[PDB]
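Below you'll find the structure, written out as structure tokens, and then a few comments.
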Ligand SMILES: *[C@H](C)[C@H]1/C(=C/c2[nH]c(/C=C3N=C(/C=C4\NC(=O)C(CC)=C4C)C(C)=C\3CCC(=O)O)c(CCC(=O)O)c2C)NC(=O)[C@@H]1C
Ligand SMILES: *[C@H](C)[C@H]1/C(=C/c2[nH]c(/C=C3N=C(/C=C4\NC(=O)C(CC)=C4C)C(C)=C\3CCC(=O)O)c(CCC(=O)O)c2C)NC(=O)[C@@H]1C
Ligand SMILES: *[C@H](C)[C@H]1/C(=C/c2[nH]c(/C=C3N=C(/C=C4\NC(=O)C(CC)=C4C)C(C)=C\3CCC(=O)O)c(CCC(=O)O)c2C)NC(=O)[C@@H]1C
Ligand SMILES: CCC1=C(C)/C(=C/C2=NC(=C\c3[nH]c(/C=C4\NC(=O)[C@H](C)[C@H]4CC)c(C)c3CCC(=O)O)/C(CCC(=O)O)=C2C)NC1=O
Ligand SMILES: CCC1=C(C)/C(=C/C2=NC(=C\c3[nH]c(/C=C4\NC(=O)[C@H](C)[C@H]4CC)c(C)c3CCC(=O)O)/C(CCC(=O)O)=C2C)NC1=O
Ligand SMILES: CCC1=C(C)/C(=C/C2=NC(=C\c3[nH]c(/C=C4\NC(=O)[C@H](C)[C@H]4CC)c(C)c3CCC(=O)O)/C(CCC(=O)O)=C2C)NC1=O
Ligand SMILES: CCC1=C(C)/C(=C/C2=NC(=C\c3[nH]c(/C=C4\NC(=O)[C@H](C)[C@H]4CC)c(C)c3CCC(=O)O)/C(CCC(=O)O)=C2C)NC1=O
Ligand SMILES: CCC1=C(C)/C(=C/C2=NC(=C\c3[nH]c(/C=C4\NC(=O)[C@H](C)[C@H]4CC)c(C)c3CCC(=O)O)/C(CCC(=O)O)=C2C)NC1=O
Ligand SMILES: CCC1=C(C)/C(=C/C2=NC(=C\c3[nH]c(/C=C4\NC(=O)[C@H](C)[C@H]4CC)c(C)c3CCC(=O)O)/C(CCC(=O)O)=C2C)NC1=O
Ligand SMILES: CCC1=C(C)/C(=C/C2=NC(=C\c3[nH]c(/C=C4\NC(=O)[C@H](C)[C@H]4CC)c(C)c3CCC(=O)O)/C(CCC(=O)O)=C2C)NC1=O
Ligand SMILES: CCC1=C(C)/C(=C/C2=NC(=C\c3[nH]c(/C=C4\NC(=O)[C@H](C)[C@H]4CC)c(C)c3CCC(=O)O)/C(CCC(=O)O)=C2C)NC1=O
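Listed below in structure tokens is the structure:
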């Protein structure tokens, strides 16, 4: 699970040595990014309901056939809309967990690994979730180091889906 | 050699993946230590001749038998003192290399790996080099982040020799 | 432990075959050397206390700084002299064990394994034990096949330390 | 091949070590019984023609169906008798090679490896060759050191054929 | 596919640094990096057979004749010969078909990586590698594993690693002891009608 | 394997000398440029899939010989290998941009790449054209003013272009 | 494995909810603790060989029966193995101090150590006493007030001591 | 593994003392009957195939359910494995005879063989009976007065009998 | 590999002929020289570390351009590898002296060693010079009359010199 501290300890254990100043610099970079990551996680946490509702609305605007055509994979009925909102909430929550963790590790362990089999099996287009993550990129309202750290996780999930 | 940038790129290559926010934070910690490492290497470069001569002399005060007992591994002659001053210059120069690079990778590839064969084969005691690096620890003349980074390289060579 | 007999078996075991006449000739050489090894070990057991005291005194003669400089690793006080006498006692006892066994196996599994990190984390010079083994090689008084096969273990431990 | 010198060197090479007193005793037993092996090999070389003819006659006496039934694998014609004499000469010459060499290595490289596929392909019964080797055991005429060294290779080929 | 589920390492002797001289109870390196006699190549092939198939399946029907011939010509490395022994029909029928995925993972980790499994969790983690990628995918994962390499590389027959510590008459149990099948296939052979009196 | 500091360390140790003041000041200027270097790495990493897909589409629009049957990029196995090679070359260009030195690129990607492509019959000029399309996309994405604080980034972008040119020259 | 951040992340995923404000404030307190944590890691790493050597010397002074013949620290192989065990346990204590959570210490060091020491005949009480001697050695190195910025470091010292007792209880 | 020398060396190093005169005289006695030891090893090695074949034949004569259809030795493959087990047990008895110590026999042959034969369904009583039949065959072959220098050899015969009984007791 | 006996055995098998009386007499002379051969092996083995240390010291004294920085024996890793290479080449010379044939030296040491040194940039002329220094050290130690029974040993010395010349010719 990728985190600067866990990967530094994994590297030092794989070479079987103590934590030299290289891993100290890794921890310093984690510690420097940590306040912006926690502030970004708090902002996404208390704006998450509006972000998820707007992201579902943006996906339904770009892909109206999800709301019109029948099917278990589509949001034409109520349960499809609830499952789409819960999936977008899962994406945003794992992005906040990546912001707290300071790496893409929550995305790898929780969402990125095996998402191709889920999209293949239940016939979900990854472009829907890509458009949802683009909505999260466009309207999360952050600036500076908090925006660049949060958009990196959103682009990492976009890169994994596209 | 082992630097934060090399460890980050080698890790991202080890899982075969792009440089996530973890490796970016590794680079930020490298950047925030790199300036203080650069003036630390500059100050050690300017004080190199005095520090090497003083460290060799401190070895001769703590270990006078090196200047008295005749032998190839001892500094009784001018050849032995030249070899000792060359060795301490090598140690201090690789310490400056570690300060420039930002990790003990110059120490690993140039000095730490294989030094056990060096001290067993040519009958050099590691305690002499431990005392000399303790002298470099004593009056290198750095403060703050430059002092903590440079002494971590001096302790890394001391712990490998002990 | 490394010994003609054990080594012969190990070879026949790794090839999964019975003990051929090669193995029997290995046993024959073990048999013709074993009586000389046993008499050599008997003579060294008889001369053990004088050889240990003389070897410790020879190490103190060539390295007088061990008897005048304070420290844990030195023999300036009574505890250091006791640890040194125990060290040459261990050396001579494992040499007698190698004589009895007929191979370097007691040295390999009792003393040579891990002597380097012992000598560097307790700050012990291997040259002290080398000079002790030179005294044992000079004052053991054996002749003939007992002399050469005892000296092969003494130079084996000398080449291991140096 | 498998001789004490070659096996000692291969063992010491695999364990990455110099030739200790164990390998010296291996060569000592090799020297102790090498003279007896050489003069046994000379006695077998001088008596080889009578030994091969008597062994062929003993096989034809124990197994008369080889000299009366038609077939490529049988010695009914003169060609089959020449093939059987050539085979027993091969066996005896490799026995002399093993006596010279000091181990079953000439047997393992020249006779043992691949004799089962020959015996099952060309329809040759290994019991014929076992009886020939038993005649070579009963009529080599060696005594003492030569007899036990020769019959080791005779029995090694017997147990490989049985 | 999917990433292997994480399993914690359990302390085994191969994990720590070996402070030993090789000596008596070292496993002999069967390597092709030095130029060998055909006899020494035959003992190396027999050592690979003894490691993969154990002593019992060293029979002529279980000898891979073309694989041996290609290995003599250095068409393949020692690691590829070990793979061909693991991909052999005899190995698959005798060892893989008579075991579940868990015990076969334990067998292959012992006979290829030279170490025991850490726990049941490692057997669980590599058993789904078996179940999705087949036996060839699993063997390939084990033979491309850094462990296999840093220990044996490309040109060394694998061996049990650190079975016995210096100056110890006894250590860990040898890998030869493990049977083709466990007690489940034993009682299944007993239930089908074998082994009774 | 070297980065922008480790290359200077290796050169100075091969000369057996301490780093001069000019080398220390050059590395200090590199540390000053490091934030823009991290921005360039982050932008190419965040738009890597877009770069690879658009560069592949432009390459196979310019070179339809590859996707027609009987072509190298034809069939899903060979096209999957082609897109994997596109993202691998982009990944090691980002690694070289991160380190500030091309040792990772010429040692861990381009090592034996041309021999592999010639032995496979892979058109190395076609891979070079795709690398140039990735270069154009990456220097478009990095030089985008919007969403980032302004500044002069000529040197890091020229370094990225040099990485892409030595990636294209190692397969041509 | 987990650190102080990813443990709380994993527990929040187990509850399946966003991190509340109190958890983020506690993690910001860990951020404020992080510089002192890095200082403690650096001090134990820099004095690791002295800590291992002095703890071994004081352990074999308090327990002379280990270095006597018939003992477990007897002979050079077992002595080097004992010193390696001290260095390994100290190394994973520094790993757990660096992370802020003892997942690496339980999973990668202390998993199966007790029955390993049972099977080899290693006395786990003496190893626990050696880990204790390492604990006061590392706490004397960390809490040295010379050559460092003044401040309160009771939480990181208590965390190091708890990691050391967690290492010592896994062998006794 | 140990031999007759390295075993006594191992208790001497456990006690931390030099060998006494009586221990060296006992080892000189083992050197004295070392020639009869090498004769015993040579005779069992020379007649190993005959011992394995004759003892397996007699064992399946007295225990026909092993060769009956369904038996544990009921195939060409299982009979080959059973004969290989005989060869292996005989090989390790000769290894113990060569060393003068059953440390190699207890280490690489006997420890865990009972659980192996239980997990296979191999009848360990039948393997013990076959190992016993190998004991009378090997002891009749060793005690052959023909073609050897005459002398007392009851010690090495009793040592081989003890190794065979220890091999039979490990599987029964 | 081959030794002095199996070389003649392989030549006789390639001829398909029994060994002639000249070959038996030559091998009996080899058996007579075998004690001097074992003395030479024992002396070089017992002074191997002194030979490697003194030969390296004299080599990097008369060729100091390799331990100066930028040289091939510069740095601890490189110098440890150079000392290890000297120890390995000396070890295989002892192996070839032990066997009485240079098969093990040529096939497991000298095969590909020139190729390895030119691939790594190791100057093979300097390694050949160091092999000549180990040659002069080993032939001085072997020909020492002290502590050994006096006798003619010039054939063994010339054979060791031949193995050292083979080692020197195969690195450059
Ligand atoms: C000085 C503190 C004491 C001293 C030193 C002494 N050293 C040597 C010989 C060598 N030192 C090294 C060390 C290095 N070589 C490297 O490449 C590096 C990394 C850049 C290091 C640290 C080596 C390799 C040698 C041997 C090869 C050589 O001679 O260059 C000697 C000479 C030993 C000899 O036998 O010729 C001496 C005397 N001696 C003292 O008394 C001081 C207390
Ligand atoms: C018999 C008609 C002739 C003959 C044959 C001979 N062949 C070899 C050795 C090898 N033969 C091969 C060929 C193959 N191995 C394969 O796997 C395949 C396809 C699957 C083929 C075609 C190989 C690879 C070898 C070398 C490896 C090995 O030895 O097995 C020998 C041995 C030569 C030697 O001295 O080593 C011989 C004698 N010899 C004849 O005289 C007949 C004309
Ligand atoms: C004597 C020549 C010089 C000397 C010696 C000295 N040695 C030690 C400590 C140790 N020595 C050993 C060595 C062995 N232990 C073994 O089990 C074996 C194999 C049987 C050997 C060779 C070990 C393990 C130690 C440390 C553990 C212990 O104290 O027993 C010391 C003490 C070091 C300390 O810090 O306490 C000393 C002083 N010192 C001299 O000045 C002589 C020139
Ligand atoms: C990476 C996590 C990890 C650890 C730490 C570990 C410990 C470990 N300690 C061992 C032995 C040992 N451990 C000790 C330790 C001690 N003896 C004493 O008397 C003292 C109380 C104590 C030190 C304070 C000794 C002496 C041995 C030698 C075992 C022997 O050879 O008999 C062994 C047997 C393997 C070998 O020695 O090569 C292991 C695996 N294994 C793992 O996977
Ligand atoms: C022989 C094995 C093989 C397969 C299967 C294959 C598929 C394949 N289809 C592609 C594109 C495409 N496929 C479509 C297909 C469709 N768009 C739609 O709206 C329809 C609903 C649908 C048809 C069912 C489109 C529009 C593209 C172009 C994508 C682009 O240029 O971005 C591409 C991209 C490269 C290119 O432009 O040629 C490949 C490789 N290629 C192969 O070599
Ligand atoms: C160490 C870093 C690394 C490199 C450098 C690498 C390159 C690489 N590219 C390959 C194949 C390939 N590469 C391509 C690429 C292309 N075909 C085209 O027509 C285009 C011009 C181009 C993409 C723009 C194709 C089509 C193959 C498969 C060839 C085949 O299957 O015959 C292969 C063969 C093995 C495989 O398919 O996985 C390798 C090793 N793999 C690595 O791990
Ligand atoms: C972990 C994710 C993360 C990243 C990657 C990051 C990068 C980063 N880039 C910065 C600056 C910058 N970035 C640029 C880059 C550019 N300016 C341009 O107009 C060009 C389009 C472009 C080149 C690609 C410049 C010019 C600066 C200001 C100068 C400097 O700080 O070096 C800064 C300084 C703070 C700021 O002013 O924003 C940071 C922290 N911070 C984070 O938290
Ligand atoms: C790469 C090597 C490296 C390290 C490790 C490092 C650590 C480091 N520790 C710091 C602070 C500090 N370190 C401590 C630690 C302590 N104070 C005490 O009196 C206790 C004895 C002790 C606990 C072990 C405190 C209290 C601060 C100031 C508060 C803080 O910055 O968090 C600072 C802030 C700058 C300063 O004021 O010095 C740095 C950079 N800097 C580097 O370049
Ligand atoms: C080196 C010490 C050692 C030994 C000796 C050992 C014995 C051993 N005997 C086996 C099988 C066997 N063992 C036997 C033996 C018999 N069957 C009978 O009915 C008779 C009572 C007896 C003949 C005396 C048989 C028949 C098998 C075949 C079981 C099978 O494959 O189904 C197996 C499993 C075969 C395999 O994995 O391929 C082992 C490991 N394991 C070890 O580590
Ligand atoms: C390389 C092949 C080889 C071998 C194996 C060998 C063995 C060997 N056995 C010997 C003696 C002997 N062997 C025996 C053995 C026995 N006496 C009996 O009546 C029992 C039936 C039997 C126990 C199995 C005895 C009693 C001696 C004489 C005492 C002794 O030398 O130890 C001797 C002394 C020389 C002699 O008198 O013959 C040798 C060399 N020599 C060789 O060249
Ligand atoms: C296991 C350890 C061991 C070894 C190595 C050993 C060797 C050994 N070398 C011998 C002889 C000898 N060694 C030499 C060797 C030499 N003479 C010289 O003046 C040259 C300086 C030198 C060549 C290096 C000679 C000439 C003989 C007597 C001739 C002979 O026995 O072959 C002898 C015959 C007994 C004797 O007279 O001493 C033995 C046993 N014995 C042992 O127990």
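Protein chains in written order, with the UniProt record's numbering: chain A, 1 to 162; chain B, 1 to 162; chain C, 1 to 162; chain D, 1 to 162; chain E, 2 to 198; chain F, 1 to 172; chain G, 1 to 172; chain H, 1 to 172; chain I, 1 to 172. We put the CB at the ideal spot given by N, CA and C, even for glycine.
- Contact between residue 157 of chain H and residue 143 of chain H holds: CB atoms are separated by about 6 Å, below the 8 Å threshold.
- By the Cβ criterion, the region 22 to 38 of chain C is in contact with the region 25 to 41 of chain D, since at least three pairs of Cβ atoms, one from each stretch, lie closer than 8 Å.
- Contact of residue 15 of chain F with chain I by beta-carbon distance below 9 Å involves 69 and 70.
- Measuring C-alpha to C-alpha distances from residue 14 of chain E to each of E/35, E/164, E/190 and E/52 identifies E/164 as the nearest.
- Proximity of the beta carbon of residue 155 of chain A to ligand 7 is not indicated: no heavy atom of the ligand is located closer than 6 Å.
- With respect to residue 33 of chain B, residue 102 of chain B sits close: the two C-beta atoms are nearer than 7 Å.
- When distances are taken from the beta-carbon of residue 66 of chain C to the heavy atoms of ligand 1, even the shortest one reaches 6 Å or more.
- Not one beta carbon of chain D lies nearer than 7 Å to the beta carbon of residue 14 of chain C.
- For residue 35 of chain I, not one C-beta of chain C is nearer than 7 Å to its own C-beta.
- Along the region 126 to 198 of chain E, the alpha helix (DSSP H) occurs as fully enclosed runs of 4 or more residues at 147 to 153 and 184 to 193, listed in sequence order.
- Secondary structure at residue 104 of chain A: coil, using DSSP grouped into helix, strand and coil.
- Using beta-carbon distances, residue 125 of chain B does not count as an interface residue toward chain G, since no partner is under 7 Å.
- Taking C-beta atoms as the reference points, residue 22 of chain D and residue 149 of chain C fail to come closer than 7 Å.
- When rounded, the separation of the alpha-carbon atoms in residue 20 of chain H and residue 35 of chain I is 32 Å.
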